[PDB]
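>>> Experimental coordinates for this protein are included below, preceded by the sequence.
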Amino acid sequence: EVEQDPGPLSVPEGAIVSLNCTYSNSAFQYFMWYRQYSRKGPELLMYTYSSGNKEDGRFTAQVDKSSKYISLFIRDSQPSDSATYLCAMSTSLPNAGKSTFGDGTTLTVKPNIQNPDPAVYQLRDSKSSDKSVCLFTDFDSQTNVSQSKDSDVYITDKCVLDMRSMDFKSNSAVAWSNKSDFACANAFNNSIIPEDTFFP
Amino acid sequence: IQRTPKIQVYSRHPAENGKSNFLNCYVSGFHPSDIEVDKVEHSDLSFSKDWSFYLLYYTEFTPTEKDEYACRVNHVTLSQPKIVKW
Amino acid sequence: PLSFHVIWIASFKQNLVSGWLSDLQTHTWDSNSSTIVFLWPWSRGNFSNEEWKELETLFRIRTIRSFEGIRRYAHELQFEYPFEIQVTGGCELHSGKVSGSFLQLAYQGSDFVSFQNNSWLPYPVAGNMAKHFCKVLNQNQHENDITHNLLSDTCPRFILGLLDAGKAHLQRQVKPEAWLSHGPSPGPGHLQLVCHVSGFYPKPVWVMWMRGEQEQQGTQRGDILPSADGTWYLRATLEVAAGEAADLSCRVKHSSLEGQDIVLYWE
Amino acid sequence: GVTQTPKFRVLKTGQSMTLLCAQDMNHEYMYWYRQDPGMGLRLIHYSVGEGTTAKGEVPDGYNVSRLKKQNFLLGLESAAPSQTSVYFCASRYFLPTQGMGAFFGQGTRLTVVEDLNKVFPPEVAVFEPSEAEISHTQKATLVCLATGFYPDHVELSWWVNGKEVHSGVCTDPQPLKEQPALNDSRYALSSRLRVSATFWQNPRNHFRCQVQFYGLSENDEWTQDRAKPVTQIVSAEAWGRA
Ligand SMILES: *[C@@H]1O[C@H](CO[C@@H]2O[C@@H](C)[C@@H](O)[C@@H](O)[C@@H]2O)[C@@H](O[C@@H]2O[C@H](CO)[C@@H](O)[C@H](O)[C@H]2NC(C)=O)[C@H](O)[C@H]1NC(C)=O
Ligand SMILES: CCCCCCCC/C=C\CCCCCCCC(=O)O
């Protein structure tokens, strides 16, 4: 069996991240770390044979056979590192080519917002000017969006977009409802939003 | 350098006339393994710690009083086939 | 001690592969169909069909890579035709316990390279082509990781199984047969007394010429000789003056006698 | 490398299906895994070479076929809701030389439902930048909203002046349940595209939000009033405003 820290992990950009698996079977000798991005397949990230460390760039894979403890370290974590990390292990040959997978750890690396400017905007449907959406955008990474306690009001998680050409990142969340009383001012009331959030 | 086969002929049981027996031939100590030896079966080709090869040859027979078979061997070190009796 | 090895004999272009438990062969490789041949039912031991196929497969590829990967480098290496490469690999047991493992390659009947730790090491004797041969092998380490796994984890698990599997074959006791004879005359007035111990198993044995209790030095032990039934044969000789002879006897000690030794008096 | 077909599929309970994995990498070993959200990979079946196959950790309800070296087929004998999962094919050499590790397909998202009437295509609407945002940040955010679709099988992309775009884009990694109180709840998904305010205020510029939906095949039987919820693209568009 392979027990892996369930997470999830949310770290700030620049942080050292430590990912770990524990196993019970001493026959394990081959140790694989896979990285899996959202809605895509596992990709081999690091592989090590038996006890020891292997350093590849910002990554160090580490295997401690006597403690039955393996670790993936990521230095200077970039937002691009946000993914699921799965560890896998094979026993000594003949091993049937088989490997056992930990259930993965999902890592989110919060990007540093250089110049924050939290605000909540209203957006109107390009077709029927009646439908309406609320956009909370340009807040800091330490800011957290909360789910709506109103089940007729939907609110999405924060998401990071990258205007690559302008060296610019931005957090944002969307809130919407086709309930009539709904208005942008009260959309994110269940969220601890900044005091200086711009409300037009 | 090369090594010359050591040849040892002998029998499985004490040789009594008219009793079924076995005739072994132990060819050892030679190198390289290109070697020929004299319906007979032999053993797979193995080698000792000093890297020299060895083989065993055998045949069921009956040791008579007018017969005395032999072990003929030729090697890349031998200028002439060496014949050993019993 | 107890040692299972797999040997390779390369000739230049035939190729031979066998697997031996000490002096006793237990595995044969079929040239034609690429298949491990069990010579005993318990030739297979702990492993299972699943695994065996997996290993057999691993042996096919690796041998090929090593074989073609020589006339590929035969010229670069000094190696001039004709020549023979010998490889022995395996592990041993010292009284029921894993007493280490080995893997040694030989060029022309003299040591060439050894596998130590996690890589290949030249024998200092074999000179500066041996040192080059390692530089080649050690170039890909993943190759060395696999070699290492087989020597230090596969093989030990295996031999233990085997041992247990054929405990009915080995561990068995076959009582020896003992008789006396003249040898070639060592000179006038003298004799060679010859003690014969044949068909005994296991291999360790004790044979000595005796004057009562007076263990006669000069007793001369011969080669332990094999037969196809796995038993052993052994001659112990003594040169004496003719008169000295009748006083003498032959004592044979073997595990199967359980304390009751064989004693043969010259008269 | 390693390819899987199909990429999405919907099944009525009891129906059958074959998944096909192919690799042109000359690999001896091939594998079928399933992965349930949050969890890792569990091996269903695997094959060590042409013509032979073996059971993994969770083989029940599935069968496999290693027809050539290249192909490894996975078959669902009789679909059950429990088999709703993502399936990954993998291959690797027998005795690799540059270390262990396997290559993976991009996955097959399969959903098993009790009724085909539970399938819906998305509705798509594009929402135009706030005048406030533009005047305050000198930037302009568009938002796309795909709503009321089931199952969770969509692919969303932005198209500006007829070219697909990636910079300035952010789509939700997972969809919301419109009615979390249901198991067969329909889904909602959102996405942002941010561009400079001067690029939005141009009436020559065309912004289109596209959602690829994967639903029923033509072979699936359909007896309901509403249009057959087949695989389709639903788009929404907007032009620049000065
Ligand atoms: C086959 O056997 C090896 C060793 O054989 C066993 O050794 C004893 C544990 C005993 O049970 C004997 O009957 C067997 O012959 C096994 O290696 C050991 O495995 C056990 C559990 O299987 C484990 O606790 C030990 O630590 C292992 N020790 C080793 C590796 O030396 C092994 O399990 C078997 N493996 C195969 C597939 O051959
Ligand atoms: C043909 C008999 C197969 C032997 C069965 C047991 C397998 C494990 C035993 C030890 C194997 C050690 C040999 C190492 C192989 C190295 C390959 C090579 O370089 O030639």
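Cool, got the structure. Residues are numbered from 1 along each chain as shown, chains lettered A, B, ... in the order given. Ligands and ions are numbered 1, 2, ... in the order given.
>>> Where does residue C:50 sit: helix, strand or coil?
Taken by DSSP: H, G, I helix; E, B strand; the rest coil, the conformation at residue C:50 corresponds to helix.
>>> The one 10 residues further on too?
Going by three-state DSSP, the secondary structure assigned to residue C:60 is helix.
>>> Ok, residue C:135 next?
Going by three-state DSSP: residue C:135 is helix.
>>> Could you report the distance from it to chain A?
21 Å (CB to the nearest CB, to the nearest Å). C-beta: built from backbone N, CA, C; applies to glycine.
>>> how far away is the residue nearest to residue A:141 when sequence neighbours are not counted from residue A:162?
Once flanking residues are discounted, residue A:141 sits nearest to residue A:110: 3.9 Å by CB to CB, 6 or more residues apart in numbering or on different chains. Note on residue A:110: its distance to residue A:162, by CB to CB, to the nearest Å, is 14 Å.
>>> What sits closest to residue 38 if chain neighbours are left out?
Picking chain A for this. Distances taken as CB to CB, 6+ apart place residue D:173 nearest to residue A:38, at 4.5 Å, with adjacent residues excluded.
>>> Hmm, no, I was thinking of chain B.
Residue B:38 sits nearest to residue B:72 (CB to CB, 6+ apart), 4.1 Å away.
>>> residues touching the one you found, list them.
Neighbouring residues of residue B:72 by CB atoms under 8 Å, 6 or more residues apart in numbering or on different chains: B:37-38, B:81-83.
>>> Up against chain C, what does chain B have?
Counting by CB under 8 Å from any CB of the partner chain, the positions of chain B adjacent to chain C are B:2-3, B:8, B:10, B:12-14, B:22, B:24, B:26, B:28, B:31-34, B:41, B:43-47, B:51-52, B:56, B:58.
>>> Only the buried subset of these, as a ChimeraX command please.
Once 16 or more other CB atoms under 10 Å in any protein chain shown is used to decide burial, the buried members of the residues of chain B next to chain C can be selected in ChimeraX as follows:
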select /B:3,8,10,12,13,24,26,28,31,32,33,44,46,47,51,52,56,58
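>>> what's the neighbour count on residue 179?
Going with chain A. Using other CB atoms under 10 Å in any protein chain shown, residue A:179 has 9 neighbouring residues.
>>> if you could check chain D rather than the one you did, that'd help
Neighbour count for residue D:179, taken as other CB under 10 Å: 13.
>>> helix or strand for it, which one?
According to DSSP states H and E, residue D:179 maps onto no helix or strand at all.
>>> For it, which non-adjacent residue is spatially closest?
Among residues not flanking residue D:179 along the chain, residue D:185 sits closest, at 4.5 Å (CB to CB, 6+ apart).
>>> Touching, the one you found and residue D:177? I think so.
Yes. Between residue D:185 and residue D:177 there is a contact under CB atoms under 8 Å: 4.2 Å.
>>> can I assume residue C:161 sits in a helix?
Yes. The assignment for residue C:161 is a helix, going by three-state DSSP.
>>> Now the residue nearest to it when sequence neighbours are not counted, what are its backbone angles?
Closest residue in space to residue C:161, ignoring its immediate chain neighbours: residue C:46 at 2.5 Å, by CB to CB, 6+ apart. For residue C:46, the backbone dihedrals are phi -60, psi -50 (criterion: degrees, to the nearest 10).
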